[PDB]
Amino acid sequence: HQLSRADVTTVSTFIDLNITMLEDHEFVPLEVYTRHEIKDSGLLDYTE
Amino acid sequence: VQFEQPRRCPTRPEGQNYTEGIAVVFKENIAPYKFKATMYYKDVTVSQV
Ligand code: NA
């Protein structure tokens with residue numbers, strides 16, 4: 001007869017190691033209070 | 001049974017291509033425009049005693 005490699009049961013001598021890359025991350029600007037908010041927190045603005 | 005034949009090994013990434021250059025980073029201007037002035041006036045005081 002003749003056979004292909006797919007017709008034969010395959011066992012592995014290889015030890016698995018699944019390493020995945022760290023993914024690209026984007027940091028958006030973020031502020032708790034904008035400087036306009038901080039300016040506006042005062043009750044009276046002398047200039048205005 | 002047969003042993004598994006050698007696997008296709010992964011490839012090292014090409015590496016990010018970087019353009020060298022000079023840069024100037026500009027921000028929004030919040031400093032008021034400043035200049036020099038001169039005030040000419042007269043203090044006028046009328047005292048009723
Ligand atoms: Na073999």
Side-chain angles (χ1 to χ4, degrees):
Chain A
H1 194 358
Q2 56 282 316
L3 296 174
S4 68
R5 287 220 158 226
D7 306 318
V8 174
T9 294
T10 299
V11 292
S12 181
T13 72
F14 308 141
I15 301 300
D16 284 327
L17 176 57
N18 180 27
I19 282 163
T20 67
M21 291 315 108
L22 178 60
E23 61 86 20
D24 287 347
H25 190 78
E26 292 305 279
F27 297 85
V28 303
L30 193 64
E31 303 196 86
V32 184
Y33 305 103
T34 66
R35 79 183 162 266
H36 322 81
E37 284 182 275
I38 289 144
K39 181 69 176 177
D40 186 75
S41 58
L43 190 54
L44 271 184
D45 180 22
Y46 176 68
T47 296
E48 262 311 305
Chain B
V1 298
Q2 72 199 330
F3 284 157
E4 188 190 344
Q5 281 327 286
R7 300 169 150 147
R8 151 79 54 92
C9 281
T11 300
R12 279 75 179 272
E14 284 215 14
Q16 177 66 52
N17 291 322
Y18 278 117
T19 298
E20 304 170 41
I22 298 149
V24 184
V25 190
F26 293 86
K27 65 189 169 163
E28 168 188 1
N29 187 17
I30 69 164
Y33 167 64
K34 298 155 183 89
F35 64 106
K36 301 300 207 211
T38 306
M39 303 162 62
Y40 310 85
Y41 62 96
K42 289 178 189 204
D43 271 7
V44 184
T45 290
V46 181
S47 63
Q48 178 187 345
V49 180

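In the text below, chain A, chain B and the rest are named by the order of the sequence lines, each starting its count at 1.
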Original post:
Can you tell me how far the CD atom of B:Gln5 sits from the OG1 atom of A:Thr13, to the nearest 0.5 Å?
Top reply: 9.0 Å
Original post:
What is the minimum heavy-atom distance between A:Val8 and B:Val1, and which atoms define it?
Top reply: CG1-C, 4.1 Å
Original post:
Distance only, no hydrogens: is a donor on one side chain within 3.5 Å (strictly under) of an acceptor on the other, for A:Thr10 and B:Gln2?
Top reply: yes
Original post:
Do you reckon A:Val32 sits in the same ILVMFWY cluster as A:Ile38, going by side-chain contacts under 4.5 Å, direct or chained?
Top reply: yes
Original post:
Hey, are A:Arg35 and B:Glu28 close enough for a salt bridge, meaning a charged N less than 4.0 Å from a carboxylate O?
Top reply: yes
**OP:** To the nearest 0.5 Å, tell me how far A:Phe14 CZ sits from B:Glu4 CD.
**Re:** 5.0 Å
Original post:
Is there a chain of hydrophobic side chains (I, L, V, M, F, W, Y, each step under 4.5 Å between heavy atoms) that links B:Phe35 to B:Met39?
Top reply: no
**OP:** Would you indicate whether B:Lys34, at its atom NZ, is surrounded by more than 12 heavy atoms from other residues, nucleotides or ligands within a distance under 6.0 Å?
**Re:** yes
